[PDB]
file structure_7.txt (compact mmCIF, C-alpha atoms and all ligand atoms)
# COMPACT_ATOMS: atom_id res chain seq x y z
CA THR A 1 1.84 14.77 2.82
CA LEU A 2 3.41 11.53 1.61
CA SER A 3 2.37 8.26 3.28
CA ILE A 4 2.85 4.56 2.67
CA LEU A 5 -0.27 2.40 2.90
CA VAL A 6 0.54 -1.32 3.10
CA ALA A 7 -0.56 -4.63 4.56
CA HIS A 8 2.36 -6.98 5.22
CA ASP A 9 2.87 -10.30 7.00
CA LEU A 10 5.36 -11.45 9.71
CA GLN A 11 8.03 -11.88 6.97
CA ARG A 12 6.93 -8.76 5.03
CA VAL A 13 5.13 -10.62 2.28
CA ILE A 14 2.68 -8.25 0.54
CA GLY A 15 1.71 -10.39 -2.45
CA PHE A 16 1.49 -13.66 -4.32
CA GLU A 17 0.92 -14.03 -8.04
CA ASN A 18 -0.39 -10.47 -8.46
CA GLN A 19 -2.84 -10.92 -5.59
CA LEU A 20 -2.99 -10.40 -1.84
CA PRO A 21 -2.36 -13.71 0.01
CA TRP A 22 -5.11 -12.94 2.61
CA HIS A 23 -8.64 -11.47 2.50
CA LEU A 24 -9.33 -9.21 5.45
CA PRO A 25 -12.42 -6.91 5.24
CA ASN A 26 -11.25 -4.94 8.29
CA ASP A 27 -8.11 -3.88 6.41
CA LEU A 28 -10.14 -2.90 3.31
CA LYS A 29 -12.39 -0.66 5.48
CA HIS A 30 -9.24 0.76 7.01
CA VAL A 31 -7.85 1.52 3.51
CA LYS A 32 -11.07 3.15 2.31
CA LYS A 33 -11.47 5.24 5.47
CA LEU A 34 -7.86 6.46 5.27
CA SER A 35 -7.88 7.23 1.53
CA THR A 36 -11.40 8.52 0.65
CA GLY A 37 -11.08 12.10 -0.61
CA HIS A 38 -7.32 11.70 -1.10
CA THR A 39 -4.75 10.30 -3.53
CA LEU A 40 -3.51 6.73 -4.20
CA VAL A 41 -0.31 6.28 -6.19
CA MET A 42 0.33 2.70 -7.33
CA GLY A 43 2.59 0.82 -9.83
CA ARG A 44 1.11 -0.57 -13.06
CA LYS A 45 1.02 -4.23 -11.91
CA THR A 46 -0.80 -3.33 -8.70
CA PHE A 47 -3.42 -1.45 -10.70
CA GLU A 48 -3.76 -4.21 -13.32
CA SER A 49 -4.33 -6.78 -10.57
CA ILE A 50 -7.58 -4.90 -9.87
CA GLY A 51 -8.58 -3.47 -13.27
CA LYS A 52 -10.60 -0.44 -12.13
CA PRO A 53 -10.10 2.66 -9.98
CA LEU A 54 -11.36 2.82 -6.39
CA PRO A 55 -14.24 5.32 -6.23
CA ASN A 56 -14.09 8.60 -4.32
CA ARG A 57 -10.39 9.35 -4.43
CA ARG A 58 -7.82 10.15 -7.08
CA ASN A 59 -6.32 7.01 -8.62
CA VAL A 60 -2.80 7.57 -9.97
CA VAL A 61 -0.87 4.87 -11.84
CA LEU A 62 2.85 5.03 -12.43
CA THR A 63 3.98 3.28 -15.62
CA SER A 64 6.51 3.75 -18.41
CA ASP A 65 3.70 2.96 -20.93
CA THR A 66 2.91 6.14 -22.97
CA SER A 67 -0.24 4.44 -24.32
CA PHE A 68 -1.62 3.74 -20.85
CA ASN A 69 -5.05 5.20 -20.53
CA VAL A 70 -7.91 4.01 -18.33
CA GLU A 71 -11.09 5.97 -17.56
CA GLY A 72 -10.92 7.47 -14.05
CA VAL A 73 -7.19 6.91 -13.71
CA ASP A 74 -4.47 9.54 -13.95
CA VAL A 75 -1.07 8.45 -15.28
CA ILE A 76 2.46 9.44 -14.29
CA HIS A 77 5.73 8.32 -15.87
CA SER A 78 8.26 9.40 -13.29
CA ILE A 79 8.77 9.12 -9.52
CA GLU A 80 9.37 12.92 -9.59
CA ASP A 81 5.73 13.41 -10.66
CA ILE A 82 4.52 12.10 -7.27
CA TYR A 83 5.88 15.23 -5.58
CA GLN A 84 3.62 17.44 -7.73
CA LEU A 85 0.42 15.73 -6.71
CA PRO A 86 -1.60 17.95 -4.30
CA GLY A 87 -3.03 16.93 -0.94
CA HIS A 88 -2.50 13.71 0.98
CA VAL A 89 -0.79 11.18 -1.24
CA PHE A 90 -0.73 7.48 -0.26
CA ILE A 91 1.88 5.17 -1.86
CA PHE A 92 -0.30 2.14 -2.31
CA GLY A 93 1.98 -0.53 -3.85
CA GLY A 94 3.48 -2.67 -5.04
CA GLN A 95 6.96 -3.90 -4.09
CA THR A 96 8.77 -1.74 -6.66
CA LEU A 97 7.00 1.46 -5.60
CA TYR A 98 7.61 0.76 -1.89
CA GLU A 99 11.30 0.21 -2.62
CA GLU A 100 11.47 3.46 -4.53
CA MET A 101 9.59 5.52 -1.94
CA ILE A 102 10.31 4.17 1.57
CA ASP A 103 13.22 6.58 2.14
CA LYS A 104 11.03 9.57 1.03
CA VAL A 105 7.69 9.19 2.81
CA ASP A 106 6.81 11.10 5.99
CA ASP A 107 4.89 8.23 7.63
CA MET A 108 3.61 4.69 7.06
CA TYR A 109 0.22 3.15 7.66
CA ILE A 110 0.98 -0.56 8.08
CA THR A 111 -1.37 -3.47 8.72
CA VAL A 112 0.83 -6.17 10.26
CA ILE A 113 -0.77 -9.51 9.33
CA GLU A 114 0.31 -11.88 12.11
CA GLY A 115 0.78 -14.86 9.77
CA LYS A 116 3.42 -16.44 7.49
CA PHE A 117 2.10 -16.70 3.92
CA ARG A 118 3.64 -17.91 0.69
CA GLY A 119 4.71 -14.77 -1.19
CA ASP A 120 6.58 -13.55 -4.23
CA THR A 121 6.56 -9.82 -3.38
CA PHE A 122 7.80 -8.09 -0.23
CA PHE A 123 7.82 -4.84 1.72
CA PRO A 124 11.43 -3.47 2.13
CA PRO A 125 13.07 -4.11 5.50
CA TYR A 126 12.94 -1.20 7.99
CA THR A 127 13.92 -0.67 11.67
CA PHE A 128 11.86 0.90 14.50
CA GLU A 129 15.03 2.88 15.28
CA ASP A 130 14.00 5.13 12.32
CA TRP A 131 10.26 5.18 13.13
CA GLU A 132 8.12 6.30 16.02
CA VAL A 133 4.95 4.41 16.91
CA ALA A 134 2.27 7.10 16.65
CA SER A 135 -0.37 4.38 17.26
CA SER A 136 -0.75 0.60 17.44
CA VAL A 137 -4.31 -0.73 17.32
CA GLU A 138 -5.19 -4.42 17.32
CA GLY A 139 -7.78 -5.54 14.78
CA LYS A 140 -10.79 -7.52 16.01
CA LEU A 141 -10.93 -11.17 15.04
CA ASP A 142 -14.21 -12.66 13.80
CA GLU A 143 -15.67 -15.05 11.18
CA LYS A 144 -14.94 -12.56 8.38
CA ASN A 145 -11.52 -11.54 9.80
CA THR A 146 -9.77 -14.65 10.93
CA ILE A 147 -6.09 -13.66 10.79
CA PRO A 148 -4.70 -11.59 13.71
CA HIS A 149 -3.64 -8.10 12.57
CA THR A 150 -2.34 -4.77 13.88
CA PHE A 151 -2.81 -1.25 12.50
CA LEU A 152 0.46 0.67 12.94
CA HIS A 153 0.96 4.32 12.21
CA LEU A 154 4.69 4.97 12.07
CA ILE A 155 6.31 8.40 11.72
CA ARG A 156 9.90 8.89 10.59
CA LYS A 157 12.02 10.07 13.54
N1 LIG B 1 -0.05 -6.16 0.75
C1 LIG B 1 -0.26 -4.97 0.19
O1 LIG B 1 -0.55 -3.86 0.97
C2 LIG B 1 -0.21 -4.75 -1.29
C3 LIG B 1 0.24 -5.76 -2.15
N2 LIG B 1 0.47 -5.50 -3.48
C4 LIG B 1 0.98 -6.62 -4.31
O2 LIG B 1 2.22 -6.33 -4.94
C5 LIG B 1 2.40 -7.11 -6.11
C6 LIG B 1 2.85 -6.27 -7.32
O3 LIG B 1 4.09 -5.61 -7.01
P1 LIG B 1 5.30 -5.34 -8.08
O4 LIG B 1 5.49 -6.64 -8.80
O5 LIG B 1 6.49 -4.72 -7.45
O6 LIG B 1 4.64 -4.26 -9.06
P2 LIG B 1 4.14 -2.73 -8.93
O7 LIG B 1 2.71 -2.63 -8.59
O8 LIG B 1 5.00 -1.97 -8.01
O9 LIG B 1 4.36 -2.27 -10.44
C7 LIG B 1 5.63 -2.27 -11.08
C8 LIG B 1 5.44 -1.40 -12.30
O10 LIG B 1 5.22 -0.05 -11.91
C9 LIG B 1 5.74 0.84 -12.88
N3 LIG B 1 6.83 1.63 -12.31
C10 LIG B 1 7.44 1.43 -11.10
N4 LIG B 1 8.41 2.36 -10.95
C11 LIG B 1 8.43 3.15 -12.05
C12 LIG B 1 9.20 4.25 -12.42
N5 LIG B 1 10.14 4.70 -11.61
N6 LIG B 1 8.99 4.88 -13.63
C13 LIG B 1 8.00 4.42 -14.49
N7 LIG B 1 7.24 3.33 -14.12
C14 LIG B 1 7.44 2.70 -12.92
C15 LIG B 1 6.34 -0.02 -13.97
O11 LIG B 1 5.32 -0.15 -14.91
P3 LIG B 1 5.62 -0.53 -16.46
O12 LIG B 1 6.18 -1.92 -16.59
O13 LIG B 1 4.28 -0.47 -17.15
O14 LIG B 1 6.63 0.44 -16.98
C16 LIG B 1 6.62 -1.34 -13.24
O15 LIG B 1 6.71 -2.48 -14.08
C17 LIG B 1 1.08 -7.87 -6.27
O16 LIG B 1 1.31 -9.09 -5.63
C18 LIG B 1 0.08 -7.09 -5.43
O17 LIG B 1 -0.93 -7.91 -4.89
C19 LIG B 1 0.25 -4.25 -3.99
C20 LIG B 1 -0.20 -3.23 -3.16
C21 LIG B 1 -0.43 -3.47 -1.80
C1 LIG B 2 -7.55 0.69 -7.25
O1 LIG B 2 -6.51 -0.35 -7.12
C2 LIG B 2 -6.54 -1.09 -5.96
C3 LIG B 2 -7.73 -1.32 -5.23
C4 LIG B 2 -7.75 -2.09 -4.05
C5 LIG B 2 -8.97 -2.31 -3.35
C6 LIG B 2 -9.16 -1.87 -2.01
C7 LIG B 2 -8.06 -1.13 -1.25
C8 LIG B 2 -10.37 -2.07 -1.32
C9 LIG B 2 -11.43 -2.73 -1.92
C10 LIG B 2 -11.27 -3.18 -3.23
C11 LIG B 2 -10.08 -2.97 -3.93
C12 LIG B 2 -10.03 -3.51 -5.36
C13 LIG B 2 -6.52 -2.62 -3.61
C14 LIG B 2 -5.32 -2.38 -4.33
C15 LIG B 2 -3.97 -2.93 -3.89
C16 LIG B 2 -3.86 -4.42 -4.27
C17 LIG B 2 -3.85 -2.76 -2.43
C18 LIG B 2 -3.77 -2.62 -1.21
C19 LIG B 2 -3.65 -2.43 0.19
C20 LIG B 2 -4.42 -3.15 1.10
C21 LIG B 2 -5.44 -4.18 0.64
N1 LIG B 2 -4.26 -2.93 2.42
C22 LIG B 2 -3.38 -2.02 2.86
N2 LIG B 2 -3.24 -1.81 4.16
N3 LIG B 2 -2.63 -1.32 2.00
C23 LIG B 2 -2.74 -1.50 0.68
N4 LIG B 2 -1.98 -0.79 -0.15
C24 LIG B 2 -5.34 -1.62 -5.50
call {"tool": "encode", "arguments": {"input": "structure_7.txt", "output": "structure tokens"}}
result
Amino acid sequence: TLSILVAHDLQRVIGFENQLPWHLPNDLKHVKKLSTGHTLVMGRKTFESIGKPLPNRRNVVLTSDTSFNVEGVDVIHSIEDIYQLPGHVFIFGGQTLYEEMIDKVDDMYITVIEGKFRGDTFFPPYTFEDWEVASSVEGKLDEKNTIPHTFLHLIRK
């Protein structure tokens, strides 16, 4: 099973200066709950923006660097290698990996951030004519989660 996992804004910004433009604990809980016990595939820059694997799932970094080695991270050097990973595999960023994979994934788990942020990286455009809305759940606003947001599960038609 091949899924996208992404948070994107009203204009499909996903990032700014190798960071997320927003901080939204609800989305981080969402990510952890979806991906615990499973597999995260991410591009090198996305991984390096964090510096350490997320516990309790397989962390897989795609890079052309043959010297790349981090404790608790598995490395792949080709897109083709993704299709050999067992279980539920989540494409986890960044822009380059989304662009490479969006036509290949079965479904997408998208947090729509209902804001317009300054960004330098983007999710690829897509149309709902290719995707069914399996579910659409509004996130609760509070003092810790102050941007409106929607959890979408889309499945390729
Ligand atoms: N809003 C969100 O849900 C998320 C946002 N982000 C954001 O995205 C941004 C980073 O995105 P982006 O700049 O596109 O970088 P990526 O994280 O996608 O990394 C790009 C790198 O991935 C490696 N790579 C990609 N494709 C291949 C391939 N086919 N073969 C071998 N290696 C490959 C290369 O590594 P190398 O150069 O070492 O060869 C490449 O330079 C940051 O702003 C981050 O915060 C990231 C995830 C989620
Ligand atoms: C192990 O490498 C990473 C770890 C984290 C990370 C998480 C998910 C929770 C707590 C702490 C950390 C460091 C994040 C990322 C990237 C930036 C991403 C992402 C992302 C987010 C935030 N939301 C939705 N919906 N999709 C996403 N792909 C990479």
call {"tool": "residues_around", "arguments": {"input": "structure_7.txt", "residues": "segment 117-133 of chain A", "least_positions_apart": "3", "cutoff": "7 Å", "atoms": "all atoms listed in the file", "output": "PDB file with C-alpha atoms, in the coordinates of the input"}}
result
ATOM      1  CA  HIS A   8       2.360  -6.980   5.220  1.00  0.00           C
ATOM      2  CA  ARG A  12       6.930  -8.760   5.030  1.00  0.00           C
ATOM      3  CA  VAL A  13       5.130 -10.620   2.280  1.00  0.00           C
ATOM      4  CA  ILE A  14       2.680  -8.250   0.540  1.00  0.00           C
ATOM      5  CA  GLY A  15       1.710 -10.390  -2.450  1.00  0.00           C
ATOM      6  CA  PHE A  16       1.490 -13.660  -4.320  1.00  0.00           C
ATOM      7  CA  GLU A  17       0.920 -14.030  -8.040  1.00  0.00           C
ATOM      8  CA  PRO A  21      -2.360 -13.710   0.010  1.00  0.00           C
ATOM      9  CA  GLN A  95       6.960  -3.900  -4.090  1.00  0.00           C
ATOM     10  CA  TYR A  98       7.610   0.760  -1.890  1.00  0.00           C
ATOM     11  CA  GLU A  99      11.300   0.210  -2.620  1.00  0.00           C
ATOM     12  CA  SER A 136      -0.750   0.600  17.440  1.00  0.00           C
ATOM     13  CA  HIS A 153       0.960   4.320  12.210  1.00  0.00           C
ATOM     14  CA  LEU A 154       4.690   4.970  12.070  1.00  0.00           C
ATOM     15  CA  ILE A 155       6.310   8.400  11.720  1.00  0.00           C
ATOM     16  CA  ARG A 156       9.900   8.890  10.590  1.00  0.00           C
ATOM     17  CA  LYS A 157      12.020  10.070  13.540  1.00  0.00           C
TER      18      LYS A 157
END
call {"tool": "closest_residue", "arguments": {"input": "structure_7.txt", "among": "A:1, A:69, A:54, A:94", "to": "residue 82 of chain A", "atoms": "only C-alpha atoms"}}
result
A:1
call {"tool": "residues_near_ligand", "arguments": {"input": "structure_7.txt", "ligand": "ligand LIG 1 (chain B)", "cutoff": "6 Å", "atoms": "only C-alpha atoms and all ligand atoms", "output": "ChimeraX atom specification"}}
result
/A:6-8,14-20,42-46,62-65,77-79,92-97,121
call {"tool": "atom_distance", "arguments": {"input": "structure_7.txt", "atom1": "atom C20 of ligand LIG 2 (chain B)", "atom2": "atom CA of residue 34 of chain A"}}
result
11.0 Å
call {"tool": "atom_distance", "arguments": {"input": "structure_7.txt", "atom1": "atom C11 of ligand LIG 2 (chain B)", "atom2": "atom CA of residue 115 of chain A"}}
result
21.1 Å
call {"tool": "residues_around", "arguments": {"input": "structure_7.txt", "residues": "residue 144 of chain A", "least_positions_apart": "5", "cutoff": "9 Å", "atoms": "only C-alpha atoms", "output": "list in words"}}
result
residues 23, 24, 25 and 26 of chain A
call {"tool": "closest_residue", "arguments": {"input": "structure_7.txt", "among": "A:37, A:102, A:110, A:72", "to": "ligand LIG 2 (chain B)", "atoms": "only C-alpha atoms and all ligand atoms"}}
result
A:110
call {"tool": "build_atoms", "arguments": {"input": "structure_7.txt", "residues": "segment 69-99 of chain A", "atoms": "N, CA and C atoms", "output": "short mmCIF file (atom, residue, chain, number, x, y, z; two decimals), keeping the file's coordinate frame"}}
result
data_model
loop_
_atom_site.label_atom_id
_atom_site.label_comp_id
_atom_site.auth_asym_id
_atom_site.auth_seq_id
_atom_site.Cartn_x
_atom_site.Cartn_y
_atom_site.Cartn_z
N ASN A 69 -3.92 4.34 -20.75
CA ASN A 69 -5.05 5.20 -20.53
C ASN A 69 -6.24 4.35 -20.06
N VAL A 70 -6.74 4.68 -18.87
CA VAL A 70 -7.91 4.01 -18.33
C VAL A 70 -8.84 5.11 -17.81
N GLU A 71 -10.14 4.97 -18.04
CA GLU A 71 -11.09 5.97 -17.56
C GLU A 71 -11.13 6.04 -16.01
N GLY A 72 -10.88 7.23 -15.49
CA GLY A 72 -10.92 7.47 -14.05
C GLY A 72 -9.58 7.24 -13.38
N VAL A 73 -8.54 7.05 -14.20
CA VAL A 73 -7.19 6.91 -13.71
C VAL A 73 -6.36 8.02 -14.30
N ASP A 74 -5.53 8.66 -13.47
CA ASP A 74 -4.47 9.54 -13.95
C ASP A 74 -3.16 8.78 -14.04
N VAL A 75 -2.32 9.16 -15.00
CA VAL A 75 -1.07 8.45 -15.28
C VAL A 75 0.14 9.34 -15.01
N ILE A 76 1.17 8.77 -14.41
CA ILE A 76 2.46 9.44 -14.29
C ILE A 76 3.56 8.50 -14.77
N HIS A 77 4.67 9.07 -15.22
CA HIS A 77 5.73 8.32 -15.87
C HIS A 77 7.06 8.43 -15.15
N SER A 78 7.07 9.21 -14.08
CA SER A 78 8.26 9.40 -13.29
C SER A 78 7.90 9.38 -11.81
N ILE A 79 8.83 8.92 -10.97
CA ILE A 79 8.77 9.12 -9.52
C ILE A 79 8.63 10.61 -9.15
N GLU A 80 9.42 11.46 -9.80
CA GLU A 80 9.37 12.92 -9.59
C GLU A 80 7.95 13.51 -9.67
N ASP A 81 7.10 12.92 -10.51
CA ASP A 81 5.73 13.41 -10.66
C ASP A 81 4.89 13.28 -9.41
N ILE A 82 5.25 12.32 -8.53
CA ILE A 82 4.52 12.10 -7.27
C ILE A 82 4.54 13.37 -6.42
N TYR A 83 5.69 14.04 -6.39
CA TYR A 83 5.88 15.23 -5.58
C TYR A 83 5.10 16.46 -6.06
N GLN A 84 4.40 16.34 -7.18
CA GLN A 84 3.62 17.44 -7.73
C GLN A 84 2.16 17.19 -7.48
N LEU A 85 1.82 16.00 -6.99
CA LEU A 85 0.42 15.73 -6.71
C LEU A 85 0.04 16.49 -5.43
N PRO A 86 -1.07 17.23 -5.47
CA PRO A 86 -1.60 17.95 -4.30
C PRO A 86 -2.28 17.06 -3.25
N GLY A 87 -2.28 17.55 -2.01
CA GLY A 87 -3.03 16.93 -0.94
C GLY A 87 -2.29 15.79 -0.27
N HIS A 88 -3.06 14.89 0.33
CA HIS A 88 -2.50 13.71 0.98
C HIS A 88 -2.37 12.57 -0.01
N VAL A 89 -1.12 12.20 -0.28
CA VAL A 89 -0.79 11.18 -1.24
C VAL A 89 -0.35 9.90 -0.50
N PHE A 90 -1.04 8.80 -0.79
CA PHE A 90 -0.73 7.48 -0.26
C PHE A 90 -0.06 6.60 -1.33
N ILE A 91 1.19 6.22 -1.09
CA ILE A 91 1.88 5.17 -1.86
C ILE A 91 1.27 3.80 -1.52
N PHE A 92 0.69 3.16 -2.52
CA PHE A 92 -0.30 2.14 -2.31
C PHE A 92 0.16 0.76 -2.85
N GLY A 93 1.41 0.70 -3.31
CA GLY A 93 1.98 -0.53 -3.85
C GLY A 93 2.47 -0.41 -5.29
N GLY A 94 3.18 -1.43 -5.79
CA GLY A 94 3.48 -2.67 -5.04
C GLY A 94 4.91 -2.66 -4.53
N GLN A 95 5.58 -3.81 -4.57
CA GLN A 95 6.96 -3.90 -4.09
C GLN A 95 7.89 -2.83 -4.66
N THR A 96 7.86 -2.66 -5.98
CA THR A 96 8.77 -1.74 -6.66
C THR A 96 8.57 -0.29 -6.18
N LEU A 97 7.32 0.11 -6.03
CA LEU A 97 7.00 1.46 -5.60
C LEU A 97 7.36 1.70 -4.11
N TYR A 98 7.13 0.69 -3.27
CA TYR A 98 7.61 0.76 -1.89
C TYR A 98 9.13 0.89 -1.79
N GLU A 99 9.85 0.16 -2.63
CA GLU A 99 11.30 0.21 -2.62
C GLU A 99 11.79 1.58 -3.06
#
